[PDB]
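As structure tokens, the structure follows; a few thoughts come after it.
Every heavy atom of this structure was used, including side-chain atoms; hydrogens, water molecules and symmetry mates were not. The chains referred to below are lettered A, B, ... by the order of the sequence lines, with proteins before strands, and numbering in each begins at 1. When a ligand or atom number is given, it counts from 1 through the structure's own listing order.
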Amino acid sequence: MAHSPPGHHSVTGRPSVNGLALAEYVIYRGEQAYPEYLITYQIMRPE
Amino acid sequence: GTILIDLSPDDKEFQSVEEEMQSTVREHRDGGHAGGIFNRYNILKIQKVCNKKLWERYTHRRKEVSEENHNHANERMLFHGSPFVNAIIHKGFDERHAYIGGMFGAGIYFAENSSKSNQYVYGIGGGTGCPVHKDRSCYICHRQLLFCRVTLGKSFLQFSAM
Ligand SMILES: CN1C(=O)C2(CCN(c3nc4c(c(=O)[nH]3)CCCC4)CC2)c2ccccc21
Ligand SMILES: [Zn+2]
């Protein structure tokens, strides 16, 4: 794995083109996330 | 060590997690190529993931981060799609869950858009789609996502052409 930039703990990627997209995030230590909910689902065909 | 507790659809906690799934769907610039074409999900089951060891691993690091960031963990709830969801819930995130070809380096990636994480349930770029039909837009096969608790601490802001 890589490291977060010095003095940081993560990276926030903000969309500068698509105004409708939300942020994506990166961490570099697995102990900084907990997998709290497991969601089972189907995608739905548009009507 | 991992226990999975089914939530009832009548439980308030089920309903708020479903609404986070549903309200963060968006259209993607690939036209649905990687994740499928949809505006919303059929949510079949929501389970709470309980593992004392993994949880104490999380809260121990959260306190270190918080103390290096003016007492602010900067904790979010974020989605994560992966073929390795089953390994993740029993063993936790580690460096084998890091995306080498990721846009911000070799780390573990999360999304606020559920439909973004949906693009990775069958692999990078949707892989070859579902195991049964090889269909990245399969409306039949059941999929799984993780809704995760994530400590960001001091976060480096990257303005990506996304
Ligand atoms: C190690 N490995 C990975 O890490 C992924 C799965 C998880 N991946 C991921 N990437 C993103 C988002 C997300 O939920 N999951 C949302 C935000 C944007 C990017 C990255 C790729 C993978 C697929 C196939 C084989 C190996 C791997
Ligand atoms: Zn299928």
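- Using a 4.0 Å cut-off between a side-chain N of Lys or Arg and a carboxylate O of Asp or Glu, B:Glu68 and B:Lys154 do not qualify as a salt bridge.
- The shortest N/O to N/O separation between B:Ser117 and ligand 1 falls below 3.5 Å.
- For ligand 1, the polar-atom distance check against B:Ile124 finds no nitrogen or oxygen pair separated by under 3.5 Å.
- Closest to atom 14 (O) of ligand 1 by heavy atom, among B:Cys148, B:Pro83, B:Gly81, A:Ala23, is B:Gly81.
- Only one option out of B:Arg26, B:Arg40, B:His28 pairs with B:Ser115 in a side chain to side chain donor-acceptor pair (under 3.5 Å); it is B:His28.
- At a heavy-atom cutoff of 4.0 Å, ligand 1 is contacted by both the backbone and the side chain of B:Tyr99.
- A salt bridge links B:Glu13 and B:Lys48; the closest N-O separation between the charged side-chain nitrogens and carboxylate oxygens is under 4.0 Å.
- With a heavy-atom cut-off of 4.0 Å, B:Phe84 touches ligand 1 through its side chain alone.
- Close approach to B:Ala98 involves these atoms of ligand 1, each under 4.0 Å from a residue heavy atom: 1 (C), 4 (O).
- A continuous path of hydrophobic side-chain contacts links A:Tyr25 to B:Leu146 [ILVMFWY only; heavy atoms under 4.5 Å].
- To the nearest 10 degrees, the angle centred on the Zn ion (ligand 2) between ND1 in B:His133 and SG in B:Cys130 reads 110°.
- Put simply, the side chain of B:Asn51 gets close to the backbone of B:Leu54: a donor and an acceptor are under 3.5 Å apart.
- Set against the non-hydrogen atoms of B:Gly123, the atoms of ligand 1 under 4.0 Å away are 23 (C), 24 (C).
- Backbone and side-chain nitrogen or oxygen atoms of B:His97 are examined, and one is located within less than 3.5 angstrom of a nitrogen or oxygen of ligand 1.
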